[PDB]
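Report on one structure; see the data block that follows.
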Amino acid sequence: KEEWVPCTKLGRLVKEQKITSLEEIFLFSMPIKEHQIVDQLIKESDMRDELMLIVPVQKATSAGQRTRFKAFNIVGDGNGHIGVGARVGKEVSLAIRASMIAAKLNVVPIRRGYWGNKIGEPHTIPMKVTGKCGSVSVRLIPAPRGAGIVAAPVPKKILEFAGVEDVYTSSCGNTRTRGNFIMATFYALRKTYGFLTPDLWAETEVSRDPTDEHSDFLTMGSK
RNA sequence: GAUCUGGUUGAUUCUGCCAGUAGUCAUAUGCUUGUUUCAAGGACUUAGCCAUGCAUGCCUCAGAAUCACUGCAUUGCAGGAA
């Protein structure tokens, strides 16, 4: 690795021990634009990467074609973090790198609940949801203990990395376009904190953004 | 186990069929085979045609005994065929 010097207010606060988790970030809903902030606050040997898809892309020109590779990369942790990203390069290893980097800036937390009696730790989404990308759409359905992941290959990875165990699924549209299939399943998971349930409502006391709190630091850093 | 993949373009997103995939006391047809338990089997086309043999008879203490029938006894007794 070649070293990090932060260009963001956020990044400074992460690079010293003030912000010690990604849930502080997630709360006040600040954007992450330096991949090193996800590296810093998530322990190593607990991230699981992999490449869902690598694929050629062309364009037409005079004399012949022009070729550019492309790639999809998915990343996350079984405590409820996941992201996805896809990018392009004119060589192979390029697109690989650029995907991984992208993916670590679309990290989003995932909420889990129960199907029935509340015992143990949550193994399943609390509700039905949907996502749509392109024509192809995806629906995720709660299921009881031991039901397991009943899904196609493509979705099953998304779910497994999230920390969702038992589930069921179904889809419509052309599911054979893989890039859209991925992104659909991703948009699905997101919306479990996008929906409001009697578990919550209470009008919680709200808190100041880390920037306000730690403002002392960031002033000195300017000088 | 409330699931999918390949094929229309120079490349992309759809619609839509074709092809792949798993069962079936559901039948046929090739290749192949060491032990044991269990079990369907001329229904599909022709409810078309049939050689030969067998497939429904029955007697007890208790309906009719002169077998010219059998045993024992010697003029009676017990079996008793068709």
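Quick notes on this one:
- Look at (1) within 12 Å of RNA strand B (Cβ to nearest atom); (2) in contact (Cβ under 8 Å) with a residue 40 or more places away in the chain; (3) in a loop (DSSP other than H, G, I, E, B); (4) not acidic (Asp, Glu) and you find that A:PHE181 fails only one, number (3).
- Close Cβ contacts (under 8 Å, 6 or more residues apart or on different chains) running from residues in region A:129-149 that are basic (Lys, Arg) to residues that are outside any strand (DSSP E or B) comprise A:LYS132/A:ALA184; A:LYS132/A:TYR187; A:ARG139/A:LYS128; A:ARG139/A:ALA188; A:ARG145/A:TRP115; A:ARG145/A:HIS123; A:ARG145/A:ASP166.
- Applying the set (1) near RNA strand B (Cβ under 7 Å from one of its atoms); (2) over 17 Å from A:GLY78 (Cβ atoms); (3) surrounded by fewer than 17 Cβ atoms within 10 Å (Cβ to Cβ) to A:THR175 leaves exactly one unmet item: (3).
- Elements of the type helices (runs of 4 or more DSSP H) sitting completely within region A:3-100 and holding at least 1 residues that are assigned by CATH to the domain that holds A:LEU159, among the polar types (S, T, N, Q) and closer than 30 Å to A:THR204 by Cα: there are none.
- A:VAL164 vs. criteria part of a loop (DSSP other than H, G, I, E, B), touching a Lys or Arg at 6+ places or on another chain (Cβ under 8 Å) and closer than 30 Å to A:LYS33 by Cα: yes
- Enumeration of residues in region A:133-155 that are in a strand (DSSP E or B) and either surrounded by fewer than 19 Cβ atoms within 10 Å (Cβ to Cβ) or near RNA strand B (Cβ under 6 Å from one of its atoms) (or both): A:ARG139, A:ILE141
- None of A:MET220, A:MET183 is at negative phi and in contact with a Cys (Cβ under 6 Å, 6 or more places away or on another chain) except A:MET183.
- For A:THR130: the one exception among (1) more than 9 Å from RNA strand B (Cβ to nearest atom); (2) buried (at least 16 other Cβ atoms within 10 Å of the Cβ): (2)
- Of the residues in region A:194-216, none is closer than 29 Å to A:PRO122 by Cα, within 12 Å of RNA strand B (Cβ to nearest atom), of a type in the set (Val, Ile, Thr) and touching a residue at least 24 places away in the same chain (Cβ under 8 Å).
In this analysis, Cβ positions are derived from the backbone assuming ideal geometry, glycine residues included, and neighbour counts consider all displayed protein chains. All of this is worked out from the model, or read from it or from the source named; no laboratory read-out is quoted.
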